[PDB]
């Protein structure tokens, strides 16, 4: 059943080329350079955050087909992230499509472009995260005018995505926020209704395996003491959020499994002063390496979804698409545009990694 069993995860060359060409030439310490070279080999998801990234998806799948026909057993990992009026609760979104300017039709073409690619590589297992911080905003942010207006477009576009990418080689996980967002007990029943209705309204697609949590966030999987910024939520880590949310989805006909982003949660507690501070958080490290051996029946894999070292947002308040969350004092600064390489942040995640990359473990 688990789409992560039976395969290796591909480490893409977009992140490897970031580390080799941008990061390593800036690092002088020989041990840290070797540690950087190693992290570039940890497989993390490739984000399709514009239409112009879809040729990179096809190139990555072509490389995986080459590797597989040469014996490999790799699967690809991609994030579908280009809804019109994307990031609806921001002061600022980088999304290229607007609902008012043909954005629903542009999203249809974007999904059709990805479906043609996944069908062209029907031999390749393709693991998808669908639309981070979309549906969670329709649970808690209907008070924000852009999100209230985006409700119909988001539900239609999500329904298109999950029905059109319901293919035999795909497993999809709908993004479902994190413990600090939907794990609060008052948010659980409305979120479970919305997610199980998305699944049932798409005719319970076989390929929609479940939900992704902690994407681009920093929560622990399991911690023995709740970090102080989680109080008073009883679901203060992802294990507690998922053990609370899974039976409420199953009660309404969506027997969801989960993947959890551990790419930036190795250091706990984190540097967050408030749990809603999400941008470029100080005091974080790379986490548990991707694996299907999670020790938990509900969790198909620990994965690295947000690629560590790529910025969450610029800290320049005069720049386009600036959001005030990226200038808070627990956000590392100065930070470049969202998605762009942020070398200080990479070095922070490398220094604080747990498990560490600086450990040299090596036998003959």
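Positions refer to the first chain, counted from 1.
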| said: Highest mean C-alpha temperature factor of the two stretches 21 to 29 and 349 to 357, which is it? | reply: 21 to 29
| Would 149 to 157 or 90 to 98 have the larger average of its C-alpha temperature factors, as given in the entry? | 90 to 98
| message | Per the entry's Cα B factor values, which of 270, 214, 134, 204 stands out as the maximum? | response | 204
| query | If you check the C-alpha B-factor for each of 259, 174, 186, 288 in the entry, which is highest? | reply | 186
| field | Assigned third (lowest, middle, highest) for the C-alpha B factor of residue 128 | value | lowest
| message | Ranking every modelled residue in this chain by its Cα temperature factor as given in the entry, which third contains residue 296? | response | highest
| Against its chain's modelled residues, does residue 65's Cα B factor rank lowest, middle or highest third? | middle
| Ranked against its chain, the third holding the CA B-factor of residue 224 | highest
| said: Considering every modelled residue of the chain and its Cα B-factor in the PDB entry, is residue 103 in the lowest, middle or highest third? | reply: highest
